[PDB]
Amino acid sequence: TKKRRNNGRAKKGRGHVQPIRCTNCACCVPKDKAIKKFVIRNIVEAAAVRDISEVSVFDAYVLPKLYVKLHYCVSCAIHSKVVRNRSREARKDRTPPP
Amino acid sequence: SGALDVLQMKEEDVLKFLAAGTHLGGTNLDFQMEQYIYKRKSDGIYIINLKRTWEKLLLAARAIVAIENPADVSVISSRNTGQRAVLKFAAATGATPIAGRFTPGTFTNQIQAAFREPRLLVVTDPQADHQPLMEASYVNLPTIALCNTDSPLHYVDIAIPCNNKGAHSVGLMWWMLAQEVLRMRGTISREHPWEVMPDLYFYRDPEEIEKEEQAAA
Amino acid sequence: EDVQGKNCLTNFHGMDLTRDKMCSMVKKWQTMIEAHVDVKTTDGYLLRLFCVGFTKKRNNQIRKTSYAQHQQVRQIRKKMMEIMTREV
Amino acid sequence: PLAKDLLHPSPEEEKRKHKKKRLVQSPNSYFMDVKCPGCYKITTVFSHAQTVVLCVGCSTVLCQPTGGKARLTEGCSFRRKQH
Amino acid sequence: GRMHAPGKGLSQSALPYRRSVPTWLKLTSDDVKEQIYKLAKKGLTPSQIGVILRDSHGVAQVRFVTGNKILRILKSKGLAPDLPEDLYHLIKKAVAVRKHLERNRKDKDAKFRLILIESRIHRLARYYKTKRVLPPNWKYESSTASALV
Amino acid sequence: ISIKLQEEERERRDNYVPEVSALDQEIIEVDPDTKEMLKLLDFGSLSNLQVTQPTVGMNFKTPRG
Amino acid sequence: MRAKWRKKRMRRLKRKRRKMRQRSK
RNA sequence: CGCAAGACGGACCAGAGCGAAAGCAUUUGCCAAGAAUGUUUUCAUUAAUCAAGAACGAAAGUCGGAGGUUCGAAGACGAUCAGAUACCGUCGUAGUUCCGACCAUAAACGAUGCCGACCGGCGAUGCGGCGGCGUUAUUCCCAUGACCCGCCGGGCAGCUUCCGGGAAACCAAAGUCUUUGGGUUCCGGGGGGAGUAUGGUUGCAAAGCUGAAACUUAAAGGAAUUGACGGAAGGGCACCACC
């Protein structure tokens, strides 16, 4: 039986979308279908923002962040626990989780 | 209410509406409430037609008076605001109040303790008080409703267009309806500004109850 | 270019943006506008100036998207190329 | 609403609706007494012109064509004439 | 719904109820016909005539002002074209496309749009042969088409 | 729970009423658009209705996303 | 037996019938 | 730090757009094309759907050139394994790319023919048009952009409702069907045998289109419910669990 209205993916009036490669695996996945997750992330977490800022030649030097748009294979994503299975009620929730 | 002078809208009544805020709708509009409206504002808020409000108020009160035994009218509020207002309305009119939590099966399950079998419902909000509106549809119950401009008119037989959101507006609207059912019954006369004060029906936030507990001395 | 004696005499070879900044600027729900200009200075130095632009979500803009039309993009791109030529 | 006066649409409702879907079919165009201040003669221009209506005995060019209603050149006034 | 598109457009021109002429229009039916002749002599179609008239000369419908319509005013005197303007314009478009497609065999979309236009022609040709405003001997051939400007 | 009185702060105190009601405003704030509707009733002109300069720049909706 | 492989088997079986039929020609 | 070649067009990129479908994403120019809106323009039934016939038709595959960066059917190894002609790894020919010619098939899917009418509500978005306080730019007014608040048409959608339907899942269409008739094309008739044999036909080939029978069989199947089960996800308990 038809599980999703939007057949997993997000194309409505296309017919074809360019595929991307899942990052964990490397499997050809349609762009709209893929679980895209954008990650801004400090080059050092907490243990080193203490130590590196102390040895900062500078005075009041902000650190850079690392900007990587991850794509994911549906298997890629669920094994990596990015997306969980939800109840047939809670499948219809599209709001990104708090 | 209609083509008549004795039941026509008076001047202190308009001041009581305009002061309460019963002319302020929501930002939204129910398709079924487009007749009980004048115009929008800037800030998007819809203005209710207080004449049409009064026409529905008297129609409602007419329906309430037509019930012979008063003790089978159910006066329902669940939301905080109307809880006090309906509890006073039933004191004034000899009706039966349901203030706060409405037990599903009151109108339906004949073995429950709260098995009241009324002849007419009055409802502070169709949205908040949706369960009794649905249970009115299992034991033939006409419903009166205090409907905001975005209140769903499912199972509502007379929609009184108001600002059922604001605490002043609700207390006022119940007082107006309580004073009109008594005037039509013939318990008050229409020449005397009624002894009972519309402040008696107002919900009081527990910041304003603890404002009274201090400021007596 | 030249080495005199304990002095490496250097000359401008090309400005670049930090990946940190360049990535930070590329946000979803707005139009990116790139241009590039093959140009020559008054002295015979030849440059390729790459511009980037991003449409601004307005002060009172309630609509989520902040996208140009394509004619709006290409008129902006035409002014980018016009200005980079004009000021090199 | 169940009951609508389908024969008597209030003019707020009729002018709202699509021209074809009005109870009786009625256009959203009109003829303009367009006069330029340089010349003497009042030319009759169609609102949705879609040509360059010129001043006969050239003092100017009056309107310029767009998607819908033409742009009347800055300086020109217009009365909408009716029957 | 369109013939050779999925388009369900409703961009129609909507004539007013009152077929009765307006008041302001001072041009008599004869001077309108005289101006129609002047436009036809310049080298305009009944479509182009009607536009130029309603824009610059405030004449909504020639049929409303006069009795008759613009082709029938052209046709009575013999200013009307030999083959209709609309079937002219499709043959004109088909010669334009076919010229583009002489040196663009890769352009498969063009080739498909050509077949759609060819079908519009054959379809109108067949209509006008029922009304004998074209000869029964006539048939649009794409090799004979470039002479028909 | 359910006791005899109900319960001297719900029966007795709930008959609390101030000196004059909050609906007894000497100057009622009012927009020109509800003035426009009262003008199309019998109540064209009251004395205790101070009509404000109308609110400018329609900007009330919550931005999306 | 996946339906694609049943087809592939039956397709290669048909290819070995245009071998035993190709001898009498 | 350069050089060369060939692929590919990240992020922007959306339940966004365009296209008959397949499909389509650097810049700029040329070329014809196109829907939608606008229209008091014109022709005046020219139309809807369609045996025959026809155009386009992913990927793989075939033939003759050009090129060969990456990736990689076959193959050579290296592991895992009981075996492992597989999953994993290193190489790697055809191929992947371009040109000309085939081939005509995909879960070519919305598994939903096309045209038309009618029957709910809601806020969004894309295109055009029309109207309306205000802010901003070309500042020097305009008028145009950018927001803002509405309306109209056309489109991709979404949410919601005891419209109604349906075996249900679900569908504003899959509704307006025993209250059964708006037009029309294709096409199904229990499961297998079988998309097989055979004949024709198209193709260089691989194959495609049309396509049975004997025989075999009491079921195969659809949706949903409950349970058990999982080498799925989360929560909880226990010194017959751990610390």
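We're sticking with Swiss-Prot numbering for chain E, so the shown stretch reads 2-150, in order.
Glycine residues also receive a Cβ, built from the backbone N, Cα and C atoms like all the rest.
Per Swiss-Prot, these features apply:
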type     : residues : note
MOD_RES  : E:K27    : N6-acetyllysine
MOD_RES  : E:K27    : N6-succinyllysine
CROSSLNK : E:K27    : ubiquitin cross-link
MOD_RES  : E:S30    : phosphoserine
MOD_RES  : E:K34    : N6-succinyllysine
MOD_RES  : E:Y38    : phosphotyrosine
CROSSLNK : E:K43    : SUMO2 cross-link
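Sequence-distant neighbours of E:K34 (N6-succinyllysine) (same chain, 6+ residues apart, CB-CB distance under 8 A): E:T67, E:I74.
E:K43 (SUMO2 cross-link) is 20 Å away from the residue listed as 'phosphoserine' when you measure Cα to Cα. Geometry remark: E:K43 (SUMO2 cross-link) versus the residue listed as 'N6-acetyllysine', CA distance 24 Å.
All chains included, 10 other C-beta atoms sit within 10 angstroms of the C-beta of E:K43 (SUMO2 cross-link). Using a cut-off of under 8 A between C-beta atoms, none of the recorded positions E:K27, E:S30, E:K34, E:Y38, E:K43 neighbours chain F. Ranking the modified residues E:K27, E:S30, E:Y38 by other CB atoms within 10 A of the CB puts E:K27 at the bottom. A distance of 19 Å separates the Cα atom of the residue listed as 'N6-acetyllysine' from that of E:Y38 (phosphotyrosine).
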